[PDB]
Structures are given as C-alpha cells and as structure tokens.
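This report concerns only the one structure given below.
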Amino acid sequence: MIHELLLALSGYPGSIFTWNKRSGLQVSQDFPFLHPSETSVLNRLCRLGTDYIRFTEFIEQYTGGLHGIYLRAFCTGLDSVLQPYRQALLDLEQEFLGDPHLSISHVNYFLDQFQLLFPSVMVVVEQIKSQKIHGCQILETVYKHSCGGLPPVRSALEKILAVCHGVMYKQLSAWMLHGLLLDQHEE
Amino acid sequence: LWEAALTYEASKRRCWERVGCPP
Amino acid sequence: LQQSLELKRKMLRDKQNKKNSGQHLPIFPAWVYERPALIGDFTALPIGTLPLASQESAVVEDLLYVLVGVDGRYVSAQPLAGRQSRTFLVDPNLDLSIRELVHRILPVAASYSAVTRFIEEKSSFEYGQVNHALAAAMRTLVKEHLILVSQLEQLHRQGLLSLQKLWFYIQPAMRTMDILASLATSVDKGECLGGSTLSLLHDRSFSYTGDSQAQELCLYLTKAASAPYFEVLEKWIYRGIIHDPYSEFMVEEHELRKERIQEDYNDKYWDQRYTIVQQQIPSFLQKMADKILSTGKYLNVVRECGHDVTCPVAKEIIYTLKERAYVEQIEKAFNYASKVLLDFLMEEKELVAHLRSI
Amino acid sequence: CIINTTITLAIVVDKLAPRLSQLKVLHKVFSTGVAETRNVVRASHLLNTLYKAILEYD
Amino acid sequence: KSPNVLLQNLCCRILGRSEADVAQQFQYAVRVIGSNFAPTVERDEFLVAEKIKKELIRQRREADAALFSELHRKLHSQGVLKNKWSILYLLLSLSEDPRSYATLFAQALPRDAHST
Amino acid sequence: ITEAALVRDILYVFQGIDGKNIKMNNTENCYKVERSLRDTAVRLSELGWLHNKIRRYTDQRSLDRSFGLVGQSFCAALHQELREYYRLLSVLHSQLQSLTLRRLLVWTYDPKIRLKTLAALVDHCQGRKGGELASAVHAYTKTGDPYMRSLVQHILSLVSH
C-alpha cells in the first residue's frame with residue numbers, strides 16, 4: 001500500500017485495491033488495522049488509478065478505433081501526454097527507496113497535479129466515444145476544449161491537436177501535391 | 001580522520017529486498 | 001458583543017454614501033463575526049486539593065493553559081466580554097499563598113484576551129486603512145507570547161519548573177501585552193479611524209520615551225500603522241489624486257462639478273471644491289496641513305487642462321521619529337506644484353496682456 | 001548492467017517499450033503468413049500482405 | 001583529537017598558513033574560546049528552527065524555508081549528531097543575505113534561573 | 001483515551017475527514033468531539049471546516065463547463081493554494097515519530113489566515129463569471145494586510161490572464 005499503491009497506480013491491480021469494472025480501483029473498506037480516514041485518502045488516490053487503467057485499456061483496445069487513422073493519431077498523442085504521470089511515479093519509487101517511512105500526504109501532494117489533468121481529458125475521450133466522432137471532427141472536438149482554462153489542460157490538449165494535425169497535413173501533402181487522395185473511410 | 005575516510009568511493013547498488021542500509 | 005455589528009453597519013453606510021463612483025465597498029460575510037472560533041475565548045481530582053507540594057504543579061499547568069487563552073481546571077474564565085477586563089475564577093479551596101500568587105499572574109492573561117479581540121474586530125473593512133495596520137502590527141507581538149508558554153510547557157514536562165519560576169519567566173510578557181491592551185482600548189473607547197488612530201500612537205511614543213523597551217514597541221507600531229496613510233500622501237502631494245476608498249485622508253474631494261461646470265459660478269475650486277478635513281490630520285502633519293491641501297490643489301488645476309503632472313521628485317514618504325523627513329518632502333512637491341502652476345499661468349494664457357487689455 | 005545501479009520490473013518494462021511496440025506488429029503480420037497449400041499461393045499471399053500492411057502505416 | 005589542537009586547524013583553515021606561522025591569532029582564539037566554554041543558554045532545537053524559518057521567510061525565499069523543514073528531519077532520521085542545537089545555532093549566526101529589534105522576539109532561556 | 005490519539009485524529013480532521021473521536025463533519029452545525037478533549041479539538045477542527053468549504057466549491061466548479069475561461073483558471077488558482085496546505089499536513093504527520101507544540105498551534109496559524117481568505121474568495125465569487133469574476137478578485141485587494149494583499153494579488157494575476 002506503499003508499494004502496492006504505486007503498483008495499482010501503475011495500472012496493475014491487486015486484491016487490496018480490488019479492480020472492479022464498475023467501481024474501478026476499490027478498497028474493500030473493512031480492515032481492522034487501518035481505519036476510515038486513510039481509506040478516504042486511498043479512495044481519492046484510486047480515482048487517478050481508475051482513470052489510468054481506463055486510459056490504458058482504451059489505448060490498448062483502440063490504437064484503429066472501430067477501424068482507422070485519425071483516432072489512431074489521438075491515442076499516439078494520448079500515451080505521450082500521460083507519460084509524466086509514469087515518470088513522476090518512478091520518481092516516487094526512488095524517494096521511497098531513499099527513506100523508509102514517507103506518508104500518503106507526501107504522495108498526495110506530489111500527485112495532486114495529475115489529480116486535475118486526468119478527469120479533464122476523460123471528457124475529451126468520452127465525447128469521441130459517445131457521438132461516434134468520425135475522422136476530422138475529432139480535430140474540432142479537441143479544439144473546442146483547447147479553449148480550456150486550466151493552463152496545464154490547455155497545453156496537454158494542444159500537444160494532441162499538434163500530433164493529429166500531423167496526419168491531416170500528411171494527407172493534404174498527398175492530394176495538394178501529387179493529386180491523389182489516400183483515404184479509406186476516413187476523410 | 002573519519003571525515004577523511006568519509007570522502008571514499010561509494011557503491012551505488014540497491015535491491016528491493018534490501019531497503020535499510022543496503023550499499 | 002453585538003453592538004459592534006451596529007458599529008460596522010454605521011461605518012459601512014458612511015463609506016457607502018460617501019464614495020459614490022466605484023463598485024460596492026467590500027464586506028465580510030456575517031459568520032466571520034458570528035463565530036466564537038475567531039475570538040480567542042469561548043476525574044479532575046476532587047480531593048479538595050489536599051497535597052501541598054502537588055498543588056503548585058497542578059495549578060501551574062492550569063496556568064500554562066490560562067496564559068494563552070484557555071480556562072483551567074481550577075482557574076476558570078468568567079463569561080463577560082460584556083466589559084473588556086476579562087476576570088477569572090480560581091478554585092475556592094486552594095492554598096491561599098498559591099491562590100494569591102496566581103492572582104498576581106492572571107493580569108497577563110486578562111491583557112491577552114483584550115488584545116486578540118481588538119485584532120479580530122478591527123480587521124474588518126469598516127475600520128479604514130490605518131486601524132487595519134494597527135491591528136496588523138500587534139500579531140508579531142502575539143507570536144512571542146505564545147512561544148514562551150510552549151517552551152515553558154515543554155520545560156514543565158521535565159519537572160524543572162515551579163510556580164515561582166514561571167512568575168519569574170513571564171515578566172517581559174506582562175509589560176508588552178499591557179502596552180498592547182492599552183493601545184487596544186484607547187483605539188476602541190475613543191473611536192479612532194484613519195488619521196485619528198495615527199495621532200494617538202504618536203502620543204504614546206511621547207509618553208514612553210525614557211524606558212526604551214515600551215518606546216520601541218510603540219515606535220514600531222507607529223511606523224507600521226503609518227504605511228497606508230502616507231502612501232495616499234505619496235500620491236496626493238505629487239499628483240492630484242486621492243484614491244482614498246475609505247474617506248480617512250485629510251483632503252476630501254467634492255463632486256461640485258454638479259453645480260459649477262462650464263461656467264465656474266463660485267469660480268468653484270479654491271473655496272468650495274477642495275476642503276481639508278480637520279479630525280483626520282494625524283497631529284504631526286498639522287504644521288503643514290494647509291500646505292498639504294494646497295499642494296494637491298495646485299496640481300489638479302493643471303490636470304484640468306495639462307494632462308502631465310511632471311513631478312520629478314517622487315519621494316517615498318514614511319513616518320520617522322527624532323528626525324523630520326516628512327516636512328521637507330512635502331515642501332519639495334509644494335515648491336514644484338507652485339512653480340509649475342505659476343509658470344504655466346504666466347507663459348500660457350499670459351496674465352500681463354489680459355490685464356493690459358482690461 | 002544487472003551483474004555489474006538499481007533495476008526493477010517497472011524500469012525494465014519502460015526501457016523495453018519501443019521494442020514491445022514493434023513486436024506486436026510482428027504478431028499481426030506473421031499471423032497472415034502462418035494461417036495459409038500450393039507453393040505459389042502461400043508465397044504470393046505472404047508477399048502481398050506486406051505491401052498492404054505498410055500502406056496501412058503511411 | 002582535543003579541542004585545543006582542533007582550534008589550530010580552524011586557524012589554518014580560515015587563514016591560509018601553517019601552525020608555525022599563525023600564532024598571534026591562535027593566541028586570541030584561545031582567549032575567547034577558553035573561559036567561554038560552557039553553554040550559557042538552555043538548549044532546544046525547536047526555537048532555532050523557528051528562527052531559521054523566519055529568516056528565510058523574511059528574504060522572500062519562502063521555498064527554502066520549508067525545504068529546511070525537510071532537511072532538519074533527516075538529521076533526526078540518521079542519528080549520529082548528539083548536539084543538533086549548537087551546529088544550527090552556529091549556521092544561523094554565519095548566515096548572510098544574498099539580497100533591527102530582537103528584544104521583542106523569542107530568545108533562548110538564560111540558564112541563570114537554575115543553580116548551575 | 002489519550003491526547004496522542006487526539007493528535008492523529010485532529011491531523012486527519014485537518015484534511016477534513018471523519019476521525020475517531022470527533023464525529024460530526026459539519027452536517028449539523030459544526031465539528032463536534034465526543035479538557036484537552038473538547039476545547040482544543042474545537043479549536044483545531046475549524047481548519048478542516050475551512051478545508052471542507054474551499055474544496056467543496058472547486059469540486060463543483062471544475063465539474064461545470066459553463067463557468068468559463070476565467071473560472072476554470074480561478075479553479076486552478078484555488079487548487080494551487082490547497083496543495084501547499086497538504087504539504088503542511090505532510091510535515092505535520094512526519095514529525096509524529098515530540099510533536100505536542102500545544103497541539104500544533106504555530107503549525108496551523110499560517111494556514112488559518114490563508115484559508116479564511118481563500119474561503120472569502122470562494123463565497124464572494126459564488127455565482128459570478130466573466131469579467132464580473134475578475135472584478136470580485138479585485139474586490140479583495142484593497143486589504144492593507146500584506147499576507148492577505150500578496151495572496152489575492154497573486155490570485156488576481158492568474159485570474160486576469
């Protein structure tokens with residue numbers, strides 16, 4: 001729960017932090033040795049691990065959404081945006097390697113900057129799944145939230161927009177230059 | 001003398017099964 | 001305890017109908033006043049205190065609580081704040097030597113509760129700009145009073161502290177909290193806001209001049225409370241502006257553009273537009289109080305046509321005792337405003353040719 | 001560097017990320033080259049799958 | 001070693017010299033260190049920590065004032081330092097600001113109330 | 001029961017969580033303990049009451065997309081002030097294993113003035129959005145208190161952008 005917590009936040013669950021497809025990461029709430037307050041802090045941290053497991057499942061499942069290229073560019077942006085969360089977890093591992101007794105409030109203060117960025121990008125993925133957002137409308141969908149107003153969230157979605165603008169410019173440098181379209185069922 | 005020996009070359013090795021004083 | 005809310009409403013209404021151009025002056029929500037939390041005040045062995053040597057150790061830890069705001073097991077704080085001299089109730093069946101001795105120590109407990117209430121009350125918006133700063137400068141003196149009692153408690157953990165030892169230790173805190181309680185009641189009793197709470201602190205700096213312990217505390221509170229008022233002077237003496245959201249400055253500006261505009265019927269300006277306020281002079285600026293008003297008076301009649309105010313001085317003005325810097329900084333911008341407005345009037349729309357044509 | 005710095009599971013998997021990405025492509029490319037009887041169709045289908053699968057990745 | 005030989009190492013560290021050269025300054029160092037050997041104030045690391053934090057807050061370096069709070073705990077975590085008050089009292093005194101009154105603030109206890 | 005259990009209780013109630021010996025989490029009027037017991041807990045629990053208020057607002061405001069560009073940035077600044085309060089709770093937990101500095105009053109004095117200011121910024125900015133929302137943050141920076149002046153003027157710089 002010092003190493004099991006970094007392991008469950010790494011996206012590999014375990015039967016303290018019981019993975020449930022409904023309740024994400026869930027502590028099993030009845031423990032005679034810990035007590036209800038640290039349980040609440042653990043649940044608060046399990047929100048981040050729940051979002052990370054759902055993100056990695058979405059990326060593994062759709063790296064090729066229902067089949068195709070523009071959301072393929074979205075996931076290649078998405079894992080690279082989630083990369084500093086991994087590397088901050090690896091830095092936590094070295095600090096807990098250095099000192100044998102560090103608090104959860106230590107971990108909470110270090111990971112409360114990703115505690116915001118993850119629920120903000122969840123709605124960006126959720127609109128694409130719900131409205132069956134096909135092809136170039138994903139470009140508009142991430143841009144209407146690129147007017148975000150959390151400045152980390154605005155910059156993090158800007159990286160994704162630049163990535164999938166890469167494949168937009170790639171198709172445009174085919175049809176404007178050599179006169180041929182290169183598109184199967186996306187446009 | 002001991003702070004003179006303290007300027008030594010340190011071993012930067014570590015394991016997971018050795019947490020406390022594991023050079 | 002509730003009549004202070006009436007006081008806050010009256011000073012609210014005064015600033016509201018005075019400054020009619022800007023957005024509504026800030027307020028606290030009501031619960032900040034209605035909390036008992038923010039005000040510092042809010043198995044226990046029934047042997048009838050038999051053991052004589054243990055009575056000292058029991059009452060001194062109740063004392064270590066009562067020095068910093070907490071009713072004890074044997075001492076107990078009476079439910080006033082009707083008045084401000086908050087009395088305490090010790091246990092009746094005590095050693096009379098000990099009961100008398102804690103009666104001598106309890107004045108620093110009473111002179112603490114009347115300081116935390118002053119800072120909690122005069123941190124509200126209605127009390128201007130300077131009475132905010134006076135309750136601001138006392139809290140670094142509250143910090144040391146707490147630090148001594150925590151150090152004495154951790155010393156009391158080792159059993160190396162006595163009731164006589166504690167009464168020896170707290171002798172500087174008995175003086176410093178007493179000067180703060182005297183300043184607190186003197187600002188509360190006579191209602192002192194703005195310049196009026198800048199005069200009284202300058203009086204107490206002259207009361208304590210030869211002690212050099214109570215003088216330095218009081219002189220620290222004067223320079224700290226003089227920071228907002230002199231900063232309005234740092235604009236009004238160099239430019240025509242008095243920003244003054246609470247009308248505490250010696251100069252107020254009337255909107256007597258309403259009667260006199262496009263014809264200056266009164267030729268308004270010297271007579272009815274710009275007036276000096278007499279009670280809001282801090283009693284050490286009375287010496288040039290007419291010159292202070294006339295300095296910013298000379299600037300704005302330039303500012304009516306000439307948009308430029310071009311004061312090259314821009315001198316930082318602050319309170320100092322023993323040494324009069326804030327007289328000549330006033331004289332410098334008074335000379336400059338007079339020189340600019342005169343030479344403006346004599347070169348531009350010249351007065352010799354108009355008097356010749358008359 | 002095992003036998004001669006601390007090293008764990010969570011470091012070696014993130015170190016081998018750009019290799020475990022490339023192996024998953026081979027699991028799908030070879031799957032069409034193993035799922036088939038004549039010697040001309042077994043080579044023609046294999047060589048054609050590669051030319052289709054890279055045009056997927058352009 | 002002994003403190004008498006160890007003071008001469010300090011006189012050779014600050015002044016760059018040998019012990020056969022610098023002997024007038026070491027003569028002065030024995031005068032001030034001797035007869036002022038015993039600690040005069042009650043020792044507590046807490047008051048000195050709350051003064052180093054106050055000093056680092058006063059220079060608008062509010063980030064280092066709570067990094068000192070994480071550095072001061074490691075001194076207790078390791079535990080080979082016996083007198084942690086003295087070295088912090090020394091390191092506070094030799095502190096320079098990279099860029100008044102003290103009878104009002106918290107000072108150490110005098111040790112004169114006790115029968116030393 | 002002991003004051004040490006009260007210390008670890010009041011430390012989690014600093015985070016605002018329900019603890020062992022203090023039960024009421026401002027459902028009915030406020031936090032209530034059930035003489036170090038009553039009075040010192042009724043002191044220190046109001047910082048957790050402050051935590052409950054200024055985190056309730058931003059938990060609702062980040063979930064509202066209609067609050068706008070100036071108030072997701074207001075929601076960002078209010079979160080930046082809360083992370084450092086959890087830093088203070090971290091050092092409060094780390095010194096436990098003395099740490100009975102009269103039940104942490106110097107440790108929780110610098111939060112409480114900052115939190116009663118952040119709660120003021122919370123409940124004065126309730127309902128406002130747009131250029132009216134930056135005007136309410138500007139409607140706190142005529143405070144001569146420089147600890148309160150440097151706080152809101154830092155929050156103005158993030159809101160006004």
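Order determines the names: the first chain of the structure tokens is A, the second B, and so forth; residues in each chain are numbered 1 upward, and ligands are numbered 1 upward as they are shown.
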Q.
Residues near residue C:291, anyone? I mean within 12 Å using only C-alpha atoms, not counting same-chain ones fewer than 2 positions away, as a count of residues only.
A. 27
Residue hits in chain F, query chain C, radius 7 Å, only C-alpha atoms, as a compact mmCIF listing (two decimals) with C-alpha atoms, in the first residue's frame:
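File written: result28.txt
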# COMPACT_ATOMS: atom_id res chain seq x y z
CA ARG F 43 -10.02 24.90 18.15
CA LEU F 101 3.66 22.01 20.34
CA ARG F 102 0.48 22.90 22.31
CA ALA F 139 -12.68 43.39 -4.83
CA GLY F 144 -3.60 46.54 3.88
CA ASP F 145 -2.74 43.15 5.43
(Q) Please check the contacts: residues of chain D at most 9 Å away from chain B, using only C-alpha atoms, listed as a ChimeraX atom specification. (A) /D:5-8
For those residues, write N, CA, C and O atoms to a file as a PDB file, in the first residue's frame.
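Written file, selection.pdb:
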ATOM      1  N   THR D   5      23.966   0.298  -9.824  1.00  0.00           N
ATOM      2  CA  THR D   5      22.677   0.835 -10.247  1.00  0.00           C
ATOM      3  C   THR D   5      21.535  -0.128  -9.895  1.00  0.00           C
ATOM      4  O   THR D   5      21.663  -1.342 -10.050  1.00  0.00           O
ATOM      5  N   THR D   6      20.438   0.417  -9.375  1.00  0.00           N
ATOM      6  CA  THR D   6      19.268  -0.390  -9.056  1.00  0.00           C
ATOM      7  C   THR D   6      18.421  -0.619 -10.305  1.00  0.00           C
ATOM      8  O   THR D   6      18.384   0.213 -11.217  1.00  0.00           O
ATOM      9  N   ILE D   7      17.764  -1.780 -10.361  1.00  0.00           N
ATOM     10  CA  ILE D   7      16.989  -2.208 -11.528  1.00  0.00           C
ATOM     11  C   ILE D   7      15.772  -2.989 -11.035  1.00  0.00           C
ATOM     12  O   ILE D   7      15.908  -3.856 -10.163  1.00  0.00           O
ATOM     13  N   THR D   8      14.585  -2.694 -11.581  1.00  0.00           N
ATOM     14  CA  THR D   8      13.383  -3.449 -11.208  1.00  0.00           C
ATOM     15  C   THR D   8      12.618  -3.888 -12.454  1.00  0.00           C
ATOM     16  O   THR D   8      13.086  -3.757 -13.589  1.00  0.00           O
TER      17      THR D   8
END
Which residues of chain D come within 9 Å of chain A, and what is each one's closest atom pair and distance in Å (one decimal), counting only C-alpha atoms, sorted by chain and residue number, as CSV?
residue,atom,partner,partner_atom,distance
D:10,CA,A:90,CA,8.0
D:11,CA,A:90,CA,8.0
D:56,CA,A:69,CA,8.8
D:58,CA,A:170,CA,8.9
Those selected residues, please, written with C-alpha atoms and delivered as a PDB file, in the first residue's frame.
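File result_26.pdb, as written:
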ATOM      1  CA  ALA D  10       8.915  -1.262 -13.642  1.00  0.00           C
ATOM      2  CA  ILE D  11      12.173   0.145 -15.059  1.00  0.00           C
ATOM      3  CA  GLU D  56      -1.848   0.917 -43.710  1.00  0.00           C
ATOM      4  CA  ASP D  58       1.710   5.550 -44.162  1.00  0.00           C
TER       5      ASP D  58
END
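Atom CA of residue D:1 to atom CA of residue A:97 spans 19.3 Å [interatomic distance, one decimal].
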Q: Can you list, as an MDAnalysis selection string, all residues belonging to chain F that DSSP tags as helix (DSSP H, G or I)?
A: chainID F and resid 3:14 38:61 65:67 72:94 109:124 131:138 146:159
Q. What lies within 12 Å of residue F:83 using only C-alpha atoms, ignoring chain neighbours under 2 positions off, as a VMD selection string?
A. (chain A and resid 105 to 116) or (chain F and resid 15 51 55 76 to 81 85 to 90 111)
Saved selection, atoms kept: N, CA, C and O atoms, as a short mmCIF file (atom, residue, chain, number, x, y, z; two decimals), in the first residue's frame:
data_model
loop_
_atom_site.label_atom_id
_atom_site.label_comp_id
_atom_site.auth_asym_id
_atom_site.auth_seq_id
_atom_site.Cartn_x
_atom_site.Cartn_y
_atom_site.Cartn_z
N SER A 105 0.27 11.60 2.58
CA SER A 105 0.16 13.03 2.32
C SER A 105 1.35 13.54 1.49
O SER A 105 1.20 14.47 0.69
N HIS A 106 2.50 12.89 1.64
CA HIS A 106 3.64 13.09 0.75
C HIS A 106 3.29 12.71 -0.69
O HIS A 106 3.53 13.49 -1.62
N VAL A 107 2.64 11.56 -0.88
CA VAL A 107 2.28 11.08 -2.22
C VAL A 107 1.15 11.93 -2.79
O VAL A 107 1.13 12.23 -3.99
N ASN A 108 0.20 12.32 -1.94
CA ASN A 108 -0.94 13.14 -2.32
C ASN A 108 -0.48 14.50 -2.83
O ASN A 108 -0.96 14.97 -3.87
N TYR A 109 0.45 15.12 -2.12
CA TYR A 109 0.99 16.41 -2.54
C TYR A 109 1.80 16.28 -3.83
O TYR A 109 1.79 17.19 -4.67
N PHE A 110 2.46 15.14 -4.04
CA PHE A 110 3.22 15.01 -5.28
C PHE A 110 2.33 14.69 -6.48
O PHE A 110 2.67 15.03 -7.62
N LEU A 111 1.19 14.02 -6.28
CA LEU A 111 0.36 13.61 -7.41
C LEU A 111 -0.94 14.41 -7.55
O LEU A 111 -1.78 14.08 -8.40
N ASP A 112 -1.09 15.49 -6.79
CA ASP A 112 -2.29 16.32 -6.90
C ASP A 112 -2.26 17.23 -8.13
O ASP A 112 -3.26 17.91 -8.39
N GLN A 113 -1.17 17.23 -8.91
CA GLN A 113 -1.17 17.95 -10.18
C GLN A 113 -1.68 17.10 -11.34
O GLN A 113 -2.11 17.65 -12.36
N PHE A 114 -1.64 15.77 -11.21
CA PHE A 114 -2.27 14.87 -12.17
C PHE A 114 -3.70 14.54 -11.79
O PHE A 114 -4.52 14.22 -12.67
N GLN A 115 -4.03 14.72 -10.50
CA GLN A 115 -5.39 14.62 -9.97
C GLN A 115 -6.38 15.56 -10.67
O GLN A 115 -7.59 15.32 -10.62
N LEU A 116 -5.89 16.58 -11.37
CA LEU A 116 -6.72 17.50 -12.13
C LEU A 116 -6.74 17.18 -13.62
O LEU A 116 -7.80 17.27 -14.25
N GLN F 15 -7.29 17.38 7.36
CA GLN F 15 -7.65 17.06 5.99
C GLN F 15 -9.17 17.08 5.78
O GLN F 15 -9.63 17.14 4.64
N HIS F 51 -11.25 23.58 5.14
CA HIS F 51 -10.92 22.67 4.04
C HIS F 51 -12.17 22.16 3.35
O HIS F 51 -12.19 22.04 2.12
N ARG F 55 -12.81 23.38 -0.64
CA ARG F 55 -12.70 22.28 -1.58
C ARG F 55 -14.05 21.85 -2.15
O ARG F 55 -14.10 21.32 -3.27
N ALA F 76 -8.20 26.77 -11.00
CA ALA F 76 -6.80 26.34 -10.98
C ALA F 76 -6.02 27.01 -9.86
O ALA F 76 -5.18 26.36 -9.21
N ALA F 77 -6.26 28.30 -9.63
CA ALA F 77 -5.55 29.02 -8.57
C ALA F 77 -5.95 28.52 -7.18
O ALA F 77 -5.10 28.43 -6.28
N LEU F 78 -7.22 28.18 -6.99
CA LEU F 78 -7.68 27.70 -5.69
C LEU F 78 -7.12 26.31 -5.37
O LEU F 78 -6.95 25.96 -4.20
N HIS F 79 -6.82 25.52 -6.40
CA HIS F 79 -6.17 24.22 -6.22
C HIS F 79 -4.70 24.36 -5.88
O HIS F 79 -4.16 23.56 -5.09
N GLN F 80 -4.03 25.36 -6.47
CA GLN F 80 -2.63 25.62 -6.17
C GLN F 80 -2.42 26.03 -4.72
O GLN F 80 -1.36 25.78 -4.14
N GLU F 81 -3.42 26.67 -4.11
CA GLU F 81 -3.31 27.05 -2.70
C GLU F 81 -3.59 25.88 -1.76
O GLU F 81 -3.12 25.87 -0.61
N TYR F 85 -1.26 23.42 1.47
CA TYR F 85 -1.87 23.03 2.73
C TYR F 85 -1.69 21.54 3.01
O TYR F 85 -1.47 21.14 4.16
N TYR F 86 -1.73 20.71 1.96
CA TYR F 86 -1.42 19.29 2.14
C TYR F 86 0.06 19.06 2.39
O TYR F 86 0.43 18.06 3.03
N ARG F 87 0.92 19.95 1.90
CA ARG F 87 2.34 19.93 2.28
C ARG F 87 2.52 20.15 3.78
O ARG F 87 3.33 19.48 4.43
N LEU F 88 1.74 21.09 4.34
CA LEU F 88 1.77 21.31 5.79
C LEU F 88 1.22 20.10 6.55
O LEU F 88 1.69 19.78 7.65
N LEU F 89 0.22 19.42 5.99
CA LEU F 89 -0.27 18.21 6.63
C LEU F 89 0.75 17.08 6.54
O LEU F 89 0.82 16.22 7.43
N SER F 90 1.57 17.09 5.49
CA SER F 90 2.63 16.10 5.33
C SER F 90 3.69 16.25 6.41
O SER F 90 4.09 15.26 7.04
N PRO F 111 -1.78 28.46 8.16
CA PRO F 111 -2.90 28.06 7.28
C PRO F 111 -4.18 28.85 7.50
O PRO F 111 -4.84 29.19 6.51
#
